[PDB]
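Colleague: Show me how the following folds:
(2 chains)
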Amino acid sequence: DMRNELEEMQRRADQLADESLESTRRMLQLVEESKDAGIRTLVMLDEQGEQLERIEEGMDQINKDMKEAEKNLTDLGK
Amino acid sequence: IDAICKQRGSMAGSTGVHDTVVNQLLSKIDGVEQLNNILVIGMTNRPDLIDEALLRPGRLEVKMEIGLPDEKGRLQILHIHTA
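Modeller: Numbering: from 1, shown residues only, chains lettered A, B, ... in the order given. See the structure here:
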């Protein structure tokens, strides 16, 4: 009558982490810095676009003025 | 089949293991839920050690004995095995 039976106990392997808290924090800090740099680039790019738009009008005005002056001088000369 | 199903409450119960197996088998063959599409076949050399509740009508109820053959049976077997 040496017929034995058993029961079982369970253990849980550690969840997936303990490497997600050293590279993670550095990743977040770098992401924040990149976000700030992107915001600054946004602002600078908008300012540059405004300045180019401003330049356009003066360019067109000088072109028109020179063309009209040349035509007038030619007309009077002949 | 005599190695699993034996008279309940006679042996040491295999440490309470054999009785549970016999009860489970009895419950599954014929119970509250009805089956009509099964056929169970058992074979043994010690027919006297089997539980009496498993050999009743509604359970394994067709009992047959295979014994030594006579002259005609021996002739038939010899014809079978030298064809």
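Colleague: use CA for all of it now, contacts and neighbours both
Modeller: Fine.
Colleague: Was I right to think residue B:4 contacts residue B:17?
Modeller: No - look at residue B:4 against residue B:17 with C-alpha atoms under 8 Å: they stay out of range, at 10.0 Å.
Colleague: Now residue 56: which helix or strand?
Modeller: Unless you meant another one, I'm taking chain A. helix A:23-77 (DSSP states H and E).
Colleague: Whichever residue of chain B sits closest to chain A is in what secondary structure piece?
Modeller: Using C-alpha to the nearest C-alpha, the closest approach of chain B to chain A is made by residue B:15 at 6.1 Å. Of the helices and strands defined by DSSP H and E, residue B:15 is found in helix B:13-16.
Colleague: what's the next secondary structure element after that helix?
Modeller: helix B:18-29.
Colleague: CA atoms only for the helix holding residue B:15 - export them in CSV, please.
Modeller: Extracted C-alpha coordinates of helix B:13-16, given in CSV (Å, rounded to 0.1, in the frame of the first residue of the first chain):
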residue,chain,number,x,y,z
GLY,B,13,-8.6,1.2,-2.6
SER,B,14,-5.2,1.8,-4.2
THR,B,15,-4.9,4.7,-1.6
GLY,B,16,-8.4,5.9,-2.5
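Colleague: picking that back up, which residue sits closest to the residue of chain B closest to chain A, ignoring its sequence neighbours?
Modeller: Excluding the flanking residues, the one nearest residue B:15 by C-alpha to C-alpha, 6 or more residues apart in numbering or on different chains is residue A:3, at 6.1 Å.
Colleague: what about residue 75, how many neighbours?
Modeller: Unless you meant another one, I'm taking chain A. Neighbours of residue A:75 under the rule other C-alpha atoms under 10 Å in any protein chain shown: 9.
Colleague: nope, chain B please
Modeller: 11.
Colleague: Which neighbouring elements make contact with the helix or strand where it lies?
Modeller: Secondary-structure element containing residue B:75, defined by DSSP H and E: helix B:71-81. Here helix B:71-81 touches no other helix or strand, going by 3 or more C-alpha pairs under 8 Å, 6 or more residues apart in numbering or on different chains; DSSP states H and E.
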